[PDB]
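Engineer: Let me give you the structure first, and then I'll get to my questions.
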Amino acid sequence: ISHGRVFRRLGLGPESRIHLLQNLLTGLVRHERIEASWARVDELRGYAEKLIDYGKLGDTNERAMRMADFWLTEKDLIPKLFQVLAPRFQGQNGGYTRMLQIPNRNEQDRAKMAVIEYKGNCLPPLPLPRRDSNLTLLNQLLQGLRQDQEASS
Amino acid sequence: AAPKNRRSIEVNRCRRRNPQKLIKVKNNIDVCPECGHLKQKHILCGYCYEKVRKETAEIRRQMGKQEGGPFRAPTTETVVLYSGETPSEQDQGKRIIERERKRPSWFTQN
Amino acid sequence: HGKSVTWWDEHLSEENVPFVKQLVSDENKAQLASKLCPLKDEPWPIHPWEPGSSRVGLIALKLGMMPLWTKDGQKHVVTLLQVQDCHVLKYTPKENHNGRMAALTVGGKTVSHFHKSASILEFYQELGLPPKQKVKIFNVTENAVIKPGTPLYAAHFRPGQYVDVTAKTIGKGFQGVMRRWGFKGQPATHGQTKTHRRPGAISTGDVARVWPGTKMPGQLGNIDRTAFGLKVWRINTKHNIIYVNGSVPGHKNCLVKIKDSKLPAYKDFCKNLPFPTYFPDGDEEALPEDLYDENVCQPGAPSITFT
Amino acid sequence: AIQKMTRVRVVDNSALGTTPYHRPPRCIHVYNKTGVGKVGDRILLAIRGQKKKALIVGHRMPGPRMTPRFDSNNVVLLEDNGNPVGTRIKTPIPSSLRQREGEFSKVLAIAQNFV
Amino acid sequence: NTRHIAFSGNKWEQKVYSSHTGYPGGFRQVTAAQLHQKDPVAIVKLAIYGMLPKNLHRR
RNA sequence: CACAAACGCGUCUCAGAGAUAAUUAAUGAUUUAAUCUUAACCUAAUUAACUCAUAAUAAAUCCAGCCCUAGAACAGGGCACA
RNA sequence: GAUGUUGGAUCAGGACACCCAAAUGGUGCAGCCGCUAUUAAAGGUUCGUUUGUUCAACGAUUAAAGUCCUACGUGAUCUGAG
Ligand SMILES: [Mg+2]
Ligand SMILES: [Mg+2]
Ligand SMILES: [Mg+2]
Ligand SMILES: [Mg+2]
Ligand SMILES: [Mg+2]
Ligand SMILES: [Mg+2]
Ligand SMILES: [Mg+2]
Ligand SMILES: [Mg+2]
Ligand SMILES: [Mg+2]
Ligand SMILES: [Mg+2]
Ligand SMILES: [Mg+2]
Ligand SMILES: [Mg+2]
Ligand SMILES: [Mg+2]
Ligand SMILES: [Mg+2]
Ligand SMILES: [Mg+2]
Ligand SMILES: [Mg+2]
Ligand SMILES: [Mg+2]
Ligand SMILES: [Mg+2]
Ligand SMILES: [Mg+2]
Ligand SMILES: [Zn+2]
């Protein structure tokens, strides 16, 4: 039984799985946003997060360097990881990746797809879900409650 | 095992018209405030994501032209420009992509 | 009218999202601490202890398991049950339930208002508690009755006693015959073809049907079970934690139902326990932070020497 | 866990123990209703083409924590009277065996080193 | 007043009501005395039930 | 045991009352002694089943999404803190 | 114009003409074993060496290692040594 397992089985086995994630991660560090299958984007999420946590460990750390070697296939990307992508995340602890669901693919396959993106990339802003504004009848109705809780205190 | 008797059309109507084999009516459909097309509540708008996607493709082409070869990729942050725009000091020292289209309303200046 | 689906958080803005939460939690702590004093509120008549009596139970949280040593040198393994939020909810008179014993409905751990039903939130608004996750019905004699909306702490079972536990066992899904039942397999190597698991003959040639009881592959493990005759070893007062003996059916962190033992050996054991239930206000004393059975080696001690 | 057909090594000093044979001594039968023997259990050994009774001293299968676990499976040769046919037992014996005095009294009496 | 039924002759002792649960070894046989002890309504109810015609309207 | 789990070779937990079969006995008529009686009245003693006390389950309708020790699909439990 | 046939494997449903466990009568029953008879089918009824073998012999034990029927149960579950 499946109880308490944090990994999907994707591709031809465990190795194939690691290499699928390798490709995706290279794609993500290169193009800064990619659109892939929802299972696989959601899988990539964790690794994309922690790869940036090695970037913060400094260029000089060896354990981070041989890690960046395995996980970034295109070699140009490695200086991009350390000098570009790591420094623009400093204050923010975990806030790196936006993952959102796209309409299902248009091919006869019809998979379930997601786009995954690093915060602060220079690309057109993704059409994020908007929150209802505060002039809304219900939200406007809550403001009264708030001001009354302020008036009672 | 081979079926012992042809089934009647009655039995078949029972089986394959079951309320379970019928397609359920999706109740989460809404309209997108911009283009007014249909979208599901938890998913991005298709039509919006399209114009976003096209523009991303074109900006990636022009930044493919600004790069000489397959393995050569910039160490600076990139900032994309549109007709009539000049770089701020915050954004200078960075790679710059220049584009003909005047900056699209949904893409902000920041 | 094609009406849309709505969840609670759909229309709220950035500003109002934290406000709602802070407000609901505030009213929750308020409503909890308000019910913290049962004895001085409007207490129901307390009755003496008769010999045919049956006590109220408790709803707990299974923490995990831990080793524990007796003074005798034997090693037992015990299960930690914690009482998070426990209150009696409603009350059913004798005639209105079994015709024999009165039903006392007890609530479990606190959940969020936002995901429950209209009817249920109504039930808790006429009570004044937050909604409880798991709600179980205890059978109880007329002298053991309490008043609805009363807190129940974990000192309710004094150390050394026997309790019973009911819970949903760990769900293993759709399991083959060798698991569900434990039929031997077929031998692996001697030229058997595609048989290494299957049940084998399921009936007799004359009967020509298979019998209504016959063991076959299927659902295994998500069902209610009960463990009897467990001994209670030690009690923690501050964190409300019972240490019961051996194992309790369920996954760890699951919600679990505790009662006194209904086993025929223990029938009258309830004469020494705080009976309506335990009342921290009434005695006006501080119980020692741990109540140990006389057998247990305490977490500090001489370090046993035989002679 | 010592069961039917396990090769055992005879630790006490006896005629039958030390003298060589083309067959290693094999356990035929364990006297627990379970087919598995433990320390302080009783065996029927086939040694040099005849049947003798034995007492399991130590074995290579793990047991309750703080029990000694031995490198080899060790038995002491024994007759029906419960009298050890050996003079003495060198290689160490579980101190747990002293629990039952009644049956193993003499066996314990000829035992050298305990662990 | 069903509980006060009389049975002619020795029938209380030798009339048996049989039932089967369908499970292997689920076959029960109860003496009229015992059945009447457990369920005061049972005897007259099974009496009547067996005297109606066998169609659906019986139910 | 290279998964956070599964698992045994490991650990825990296991029951009251009522009935009767064959057979032993007490009062005791037909037949005023006797006699357990296919005679009363109460009776007594005693297997297995088999019943049942007791235990499980037992709050009608929000359910888009997203998590899960819950799951083949549909179902089920979470998503206020923190 | 086919009801595929021995023995095993797996899973067993039933009978009682009880092999064990449970109450008892009789003895050529002092007790320990026994030998017979009555009542009782919820539960049990082993592992090996040789044979394709059920049977049988033989080793070692167990409270016992029952007698049977179910297409000599069970091949759209398995095995073919015969
Ligand atoms: Mg999982
Ligand atoms: Mg695949
Ligand atoms: Mg996930
Ligand atoms: Mg499960
Ligand atoms: Mg096997
Ligand atoms: Mg195979
Ligand atoms: Mg084949
Ligand atoms: Mg020889
Ligand atoms: Mg007389
Ligand atoms: Mg007399
Ligand atoms: Mg019942
Ligand atoms: Mg739910
Ligand atoms: Mg034909
Ligand atoms: Mg059977
Ligand atoms: Mg008989
Ligand atoms: Mg039988
Ligand atoms: Mg046959
Ligand atoms: Mg055959
Ligand atoms: Mg067949
Ligand atoms: Zn749109």
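Following the order of the structure tokens, first chain is A, next is B, and so on, with residues numbered from 1 inside each chain and ligands from 1 in the order they appear.
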Enumerate residues in contact with ligand 16: an atom-to-atom distance of at most 12 Å, counting only C-alpha atoms (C1' of nucleotides) and all ligand atoms. Format the result as an NGL selection string.
Structural biologist: (:E and (25)) or (:G and (12-16 or 18-20 or 41-45 or 66))
Engineer: I want to know what sits within 12 Å of residue D:34, based on only C-alpha atoms (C1' of nucleotides), with residues of the same chain fewer than 6 positions away left out; could you give that as an NGL selection string?
Structural biologist: (:D and (1-4 or 41-42)) or (:G and (46-47 or 61-62))
Engineer: Save out the residues we just selected, N, CA and C atoms (P, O5', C5', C4', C3', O3' and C1' of nucleotides), as a PDB file, in the first residue's frame.
Structural biologist:
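Saved file again05.pdb follows:
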```pdb
ATOM      1  N   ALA D   1      15.895 -19.506  17.124  1.00  0.00           N
ATOM      2  CA  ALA D   1      15.033 -20.366  16.324  1.00  0.00           C
ATOM      3  C   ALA D   1      15.816 -21.542  15.738  1.00  0.00           C
ATOM      4  N   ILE D   2      15.797 -22.668  16.430  1.00  0.00           N
ATOM      5  CA  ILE D   2      16.451 -23.855  15.918  1.00  0.00           C
ATOM      6  C   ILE D   2      15.381 -24.919  15.645  1.00  0.00           C
ATOM      7  N   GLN D   3      15.383 -25.465  14.434  1.00  0.00           N
ATOM      8  CA  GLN D   3      14.270 -26.298  13.974  1.00  0.00           C
ATOM      9  C   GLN D   3      14.734 -27.630  13.417  1.00  0.00           C
ATOM     10  N   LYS D   4      13.808 -28.400  12.850  1.00  0.00           N
ATOM     11  CA  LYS D   4      14.170 -29.678  12.250  1.00  0.00           C
ATOM     12  C   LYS D   4      15.264 -29.462  11.219  1.00  0.00           C
ATOM     13  N   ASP D  41      15.267 -24.782  25.510  1.00  0.00           N
ATOM     14  CA  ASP D  41      14.320 -25.737  24.938  1.00  0.00           C
ATOM     15  C   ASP D  41      14.984 -27.112  24.802  1.00  0.00           C
ATOM     16  N   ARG D  42      14.231 -28.124  24.388  1.00  0.00           N
ATOM     17  CA  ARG D  42      14.738 -29.496  24.398  1.00  0.00           C
ATOM     18  C   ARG D  42      14.652 -30.132  23.015  1.00  0.00           C
TER      19      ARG D  42
ATOM     20  P     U G  46      -3.737 -33.998  11.151  1.00  0.00           P
ATOM     21  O5'   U G  46      -2.243 -33.491  11.373  1.00  0.00           O
ATOM     22  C5'   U G  46      -1.970 -32.118  11.606  1.00  0.00           C
ATOM     23  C4'   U G  46      -0.544 -31.902  12.044  1.00  0.00           C
ATOM     24  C3'   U G  46       0.534 -32.237  11.025  1.00  0.00           C
ATOM     25  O3'   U G  46       0.730 -31.216  10.066  1.00  0.00           O
ATOM     26  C1'   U G  46       1.118 -33.158  13.110  1.00  0.00           C
ATOM     27  P     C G  47       1.294 -31.591   8.610  1.00  0.00           P
ATOM     28  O5'   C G  47       2.850 -31.874   8.845  1.00  0.00           O
ATOM     29  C5'   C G  47       3.748 -30.833   9.214  1.00  0.00           C
ATOM     30  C4'   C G  47       5.083 -31.370   9.681  1.00  0.00           C
ATOM     31  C3'   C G  47       5.860 -32.209   8.683  1.00  0.00           C
ATOM     32  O3'   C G  47       6.542 -31.446   7.709  1.00  0.00           O
ATOM     33  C1'   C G  47       5.901 -33.265  10.789  1.00  0.00           C
ATOM     34  P     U G  61      10.214 -39.580  20.468  1.00  0.00           P
ATOM     35  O5'   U G  61       9.215 -38.398  20.836  1.00  0.00           O
ATOM     36  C5'   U G  61       7.824 -38.523  20.587  1.00  0.00           C
ATOM     37  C4'   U G  61       7.247 -37.261  20.000  1.00  0.00           C
ATOM     38  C3'   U G  61       5.973 -36.752  20.658  1.00  0.00           C
ATOM     39  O3'   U G  61       6.233 -35.965  21.808  1.00  0.00           O
ATOM     40  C1'   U G  61       5.687 -36.809  18.317  1.00  0.00           C
ATOM     41  P     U G  62       5.089 -35.740  22.910  1.00  0.00           P
ATOM     42  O5'   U G  62       4.205 -34.563  22.310  1.00  0.00           O
ATOM     43  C5'   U G  62       2.926 -34.287  22.848  1.00  0.00           C
ATOM     44  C4'   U G  62       1.933 -33.972  21.765  1.00  0.00           C
ATOM     45  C3'   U G  62       0.485 -34.247  22.109  1.00  0.00           C
ATOM     46  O3'   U G  62      -0.081 -33.247  22.923  1.00  0.00           O
ATOM     47  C1'   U G  62       0.944 -35.143  19.998  1.00  0.00           C
TER      48        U G  62
END
```
Engineer: Counting only C-alpha atoms (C1' of nucleotides) and all ligand atoms, what residues are within 10 Å of ligand 8, given as a count of residues only?
Structural biologist: 3
Engineer: Give the residue list for ligand 20 at 12 Å, counting only C-alpha atoms (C1' of nucleotides) and all ligand atoms, as a ChimeraX atom specification, sorted by chain and then by residue number.
Structural biologist: /A:103,126-130 /B:30-41,43-52,106
Engineer: Kindly save the residues from that selection, with N, CA and C atoms included, as a compact mmCIF listing (two decimals), in the first residue's frame.
Structural biologist:
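The resulting file, out-v6.txt, is shown below:
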```
# COMPACT_ATOMS: atom_id res chain seq x y z
N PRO A 103 -5.30 25.82 -18.74
CA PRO A 103 -6.29 24.94 -19.39
C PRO A 103 -5.63 23.69 -19.97
N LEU A 126 2.21 36.85 -15.53
CA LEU A 126 1.16 35.84 -15.65
C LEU A 126 -0.20 36.34 -15.13
N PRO A 127 -1.30 36.06 -15.86
CA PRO A 127 -2.61 36.64 -15.50
C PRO A 127 -3.19 36.03 -14.23
N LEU A 128 -2.55 36.35 -13.10
CA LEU A 128 -2.86 35.77 -11.80
C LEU A 128 -4.31 35.96 -11.41
N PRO A 129 -4.83 35.06 -10.56
CA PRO A 129 -6.17 35.23 -9.99
C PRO A 129 -6.27 36.50 -9.15
N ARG A 130 -7.27 37.33 -9.41
CA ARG A 130 -7.46 38.55 -8.63
C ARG A 130 -8.35 38.30 -7.41
N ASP B 30 -17.04 30.38 -14.90
CA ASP B 30 -17.25 31.83 -14.78
C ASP B 30 -16.78 32.59 -16.02
N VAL B 31 -16.87 33.92 -16.00
CA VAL B 31 -16.29 34.75 -17.08
C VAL B 31 -15.10 35.56 -16.58
N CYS B 32 -14.11 35.76 -17.44
CA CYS B 32 -12.91 36.51 -17.10
C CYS B 32 -13.10 38.01 -17.31
N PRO B 33 -12.89 38.82 -16.25
CA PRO B 33 -13.18 40.26 -16.25
C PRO B 33 -12.57 41.05 -17.41
N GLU B 34 -11.50 40.54 -18.01
CA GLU B 34 -10.87 41.27 -19.10
C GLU B 34 -11.52 41.01 -20.45
N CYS B 35 -11.32 39.80 -20.97
CA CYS B 35 -11.77 39.48 -22.32
C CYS B 35 -13.18 38.92 -22.34
N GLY B 36 -13.74 38.65 -21.16
CA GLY B 36 -15.10 38.17 -21.06
C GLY B 36 -15.34 36.81 -21.68
N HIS B 37 -14.29 36.02 -21.83
CA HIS B 37 -14.46 34.64 -22.25
C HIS B 37 -14.72 33.76 -21.03
N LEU B 38 -14.98 32.48 -21.27
CA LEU B 38 -15.29 31.56 -20.18
C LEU B 38 -14.03 30.95 -19.61
N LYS B 39 -14.01 30.74 -18.30
CA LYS B 39 -12.91 30.05 -17.66
C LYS B 39 -13.39 29.33 -16.41
N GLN B 40 -12.70 28.27 -16.00
CA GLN B 40 -13.08 27.58 -14.76
C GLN B 40 -12.46 28.28 -13.56
N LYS B 41 -13.13 28.26 -12.41
CA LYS B 41 -12.73 29.10 -11.27
C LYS B 41 -11.29 28.92 -10.78
N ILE B 43 -8.66 27.71 -12.57
CA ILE B 43 -7.71 27.66 -13.67
C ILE B 43 -7.48 29.04 -14.29
N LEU B 44 -6.29 29.29 -14.82
CA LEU B 44 -6.06 30.56 -15.49
C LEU B 44 -6.97 30.71 -16.69
N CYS B 45 -7.25 31.95 -17.06
CA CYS B 45 -8.02 32.21 -18.26
C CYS B 45 -7.25 31.77 -19.50
N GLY B 46 -7.88 30.98 -20.36
CA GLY B 46 -7.22 30.51 -21.56
C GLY B 46 -6.82 31.63 -22.52
N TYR B 47 -7.78 32.49 -22.85
CA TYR B 47 -7.57 33.55 -23.81
C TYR B 47 -6.52 34.56 -23.33
N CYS B 48 -6.44 34.80 -22.02
CA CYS B 48 -5.44 35.74 -21.47
C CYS B 48 -4.05 35.14 -21.55
N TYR B 49 -3.98 33.89 -21.09
CA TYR B 49 -2.75 33.14 -21.12
C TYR B 49 -2.22 33.01 -22.54
N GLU B 50 -3.11 33.10 -23.52
CA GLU B 50 -2.65 33.10 -24.90
C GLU B 50 -1.81 34.31 -25.27
N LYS B 51 -2.33 35.51 -25.04
CA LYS B 51 -1.60 36.70 -25.44
C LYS B 51 -0.32 36.83 -24.61
N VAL B 52 -0.41 36.43 -23.34
CA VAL B 52 0.81 36.32 -22.54
C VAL B 52 1.84 35.39 -23.19
N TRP B 106 -1.60 45.42 -20.25
CA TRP B 106 -1.62 44.45 -19.15
C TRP B 106 -0.24 44.20 -18.56
```
Engineer: Name the residues, by chain letter and number, that sit within 10 Å of ligand 1 using only C-alpha atoms (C1' of nucleotides) and all ligand atoms, and give them as an NGL selection string.
Structural biologist: (:A and (1-8)) or (:F and (5 or 68-69))
Engineer: At a cut-off of 12 Å, using only C-alpha atoms (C1' of nucleotides), what residues contact residue E:6? Leave out same-chain residues fewer than 4 positions from it and give the result as a ChimeraX atom specification.
Structural biologist: /E:1-2,10-12,32-33,36,43-44
Engineer: For ligand 9, list the contacting residues at 9 Å or closer, counting only C-alpha atoms (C1' of nucleotides) and all ligand atoms, as a VMD selection string.
Structural biologist: chain F and resid 28 to 29 32 to 35
Engineer: Taking only C-alpha atoms into account, which residues of chain B are within 9 Å of chain C, as a ChimeraX atom specification?
Structural biologist: /B:27-29
Engineer: Around ligand 11, which protein and nucleic acid residues have at least one atom no more than 9 Å from it, if we count only C-alpha atoms (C1' of nucleotides) and all ligand atoms? List them as a ChimeraX atom specification.
Structural biologist: /F:52-55
Engineer: Ligand 18: which residues are within 12 Å, counting only C-alpha atoms (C1' of nucleotides) and all ligand atoms? Reply as a PDB file with C-alpha atoms (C1' of nucleotides), in the first residue's frame.
Structural biologist:
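Output (out18.pdb):
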```pdb
ATOM      1  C1'   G G   4     -12.018 -33.879 -19.958  1.00  0.00           C
ATOM      2  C1'   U G   5     -11.030 -39.412 -16.444  1.00  0.00           C
ATOM      3  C1'   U G   6      -5.961 -41.473 -10.671  1.00  0.00           C
ATOM      4  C1'   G G   7      -3.264 -39.246  -6.952  1.00  0.00           C
ATOM      5  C1'   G G   8      -1.442 -34.455  -4.781  1.00  0.00           C
ATOM      6  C1'   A G   9      -1.747 -28.479  -4.103  1.00  0.00           C
ATOM      7  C1'   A G  71     -19.581 -35.803 -10.134  1.00  0.00           C
ATOM      8  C1'   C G  72     -14.250 -41.719  -5.886  1.00  0.00           C
ATOM      9  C1'   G G  73     -15.595 -32.248  -3.644  1.00  0.00           C
ATOM     10  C1'   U G  74     -12.535 -29.142  -6.012  1.00  0.00           C
ATOM     11  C1'   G G  75      -8.120 -29.040 -13.595  1.00  0.00           C
ATOM     12  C1'   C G  78      -2.967 -25.101 -10.124  1.00  0.00           C
ATOM     13  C1'   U G  79       0.040 -29.849 -10.996  1.00  0.00           C
ATOM     14  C1'   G G  80       0.344 -34.466 -14.839  1.00  0.00           C
ATOM     15  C1'   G G  82       0.447 -41.926 -13.151  1.00  0.00           C
TER      16        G G  82
END
```
Engineer: Go through the chains and note each residue within 9 Å of ligand 3, using only C-alpha atoms (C1' of nucleotides) and all ligand atoms, then give the set as a PyMOL selection string.
Structural biologist: (chain A and resi 6-7+39+42-43+45) or (chain F and resi 66-67)
Engineer: Out of stretch 23-56 of chain A, which residues get strand (DSSP E or B) from DSSP, as a PyMOL selection string?
Structural biologist: chain A and resi 33-37
Engineer: Return the neighbours of chain F among the residues of chain D, cut-off 12 Å, counting only C-alpha atoms (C1' of nucleotides), as a list in words.
Structural biologist: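 Putting it all together, I get residues 1, 36, 61, 62, 63, 64 and 65 of chain D.
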Engineer: Give one line per residue of chain C that approaches ligand 7 to at most 10 Å, naming the two atoms of the closest pair and their distance in Å to one decimal, counting only C-alpha atoms and all ligand atoms; sort by chain then ascending residue number and deliver it as CSV.
Structural biologist:
```
residue,atom,partner,partner_atom_place_in_ligand_line,distance
C:191,CA,ligand 7,1 (Mg),9.1
C:192,CA,ligand 7,1 (Mg),9.2
C:193,CA,ligand 7,1 (Mg),6.7
C:194,CA,ligand 7,1 (Mg),9.3
```
Engineer: Just write the chosen residues, C-alpha atoms, as a compact mmCIF listing (two decimals), in the first residue's frame.
Structural biologist:
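Final file, again.txt:
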```txt
# COMPACT_ATOMS: atom_id res chain seq x y z
CA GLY C 191 5.43 -25.62 -12.63
CA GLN C 192 2.46 -23.74 -11.24
CA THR C 193 1.09 -21.35 -13.87
CA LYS C 194 -0.37 -17.97 -12.79
```
